[PDB]
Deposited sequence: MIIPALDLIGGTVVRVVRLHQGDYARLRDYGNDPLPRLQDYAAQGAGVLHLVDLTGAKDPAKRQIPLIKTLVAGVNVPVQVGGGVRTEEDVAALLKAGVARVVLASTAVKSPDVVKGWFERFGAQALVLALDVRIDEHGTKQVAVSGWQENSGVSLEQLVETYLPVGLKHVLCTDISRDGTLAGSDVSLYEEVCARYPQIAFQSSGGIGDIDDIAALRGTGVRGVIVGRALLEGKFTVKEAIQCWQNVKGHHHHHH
């Protein structure tokens, strides 16, 4: 499926561009609602306010947004503790997106899988392809690699039933550059029991077409939709054909 995505900061719709941020206004709910109206089955939100300060997690806004659409929303941003996870689920989010903590504290996160179930969690892994061609996990675009490959980390979580992995190619994140097809083709084939989501690099409908035969289950689209390159409807039509 197509997974429309919005980045929120103090209720302001934004997205990382390449790394800067641009303001797409302050009415996230009508946006999401129109995404859903066009047939989206899943939505993605990053709470950048919550990411910077867990105590400032935009729980009331998140509640509103979730309540305001009829589809599961996966929500990330500053998910550092078991309490963060529970708070977001309690607010009504369908899945909690675990990013840096998934790399940082795998044993702790495996316990979260045990408590919340694999359907409640998405592991968001940023990947750099190094000089050797290894898919290196990094916790962000501005930090060095963390010393673990995508495969090794995925393998870490398979024993607790890992089902959802969001994989961002760091080089293409928010660049409109076209996503990295080979990366997704390899991982998806290796772990067919996992539903991979691709993120970054979607600039036009052709980028979505490029992902079709790869095994990638979901395609995060943020920037392209905000900039009017194509619609959710067109993205879905392309994705499904």
Missing stretches, numbered from 1 on the deposited chain sequence and kept in order: 19-24, 248-256
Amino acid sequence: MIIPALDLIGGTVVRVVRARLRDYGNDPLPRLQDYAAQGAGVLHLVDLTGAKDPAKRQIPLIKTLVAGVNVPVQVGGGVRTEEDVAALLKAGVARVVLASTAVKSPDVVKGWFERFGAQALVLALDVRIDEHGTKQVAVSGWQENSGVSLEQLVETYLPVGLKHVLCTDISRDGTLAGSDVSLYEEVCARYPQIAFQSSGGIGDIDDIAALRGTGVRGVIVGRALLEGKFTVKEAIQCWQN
From here on, numbers count along this sequence of modelled residues.
On average, are the C-alpha B-factors higher in 75-83 or in 128-136? 128-136
Entry B factor averaged over C-alpha atoms, 228-236 against 5-13: higher for 5-13
The residue of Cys188, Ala209, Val69, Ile62 with the maximal C-alpha B-factor according to the PDB record is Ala209
Would you mind finding, among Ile194, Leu183, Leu43, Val46, the residue with the largest C-alpha temperature factor in the entry? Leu183
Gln152 CA temperature factor, ranked by third within the chain: middle
Going by the recorded CA B-factors, say which third of the chain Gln33 sits in, lowest, middle or highest. middle
Considering every modelled residue of the chain and its Cα B-factor in the PDB entry, is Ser105 in the lowest, middle or highest third? middle
In terms of its chain's C-alpha B-factors, the third that includes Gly92 is the lowest
Compared with the other modelled residues in the chain, in which third is the CA B-factor of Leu162? middle
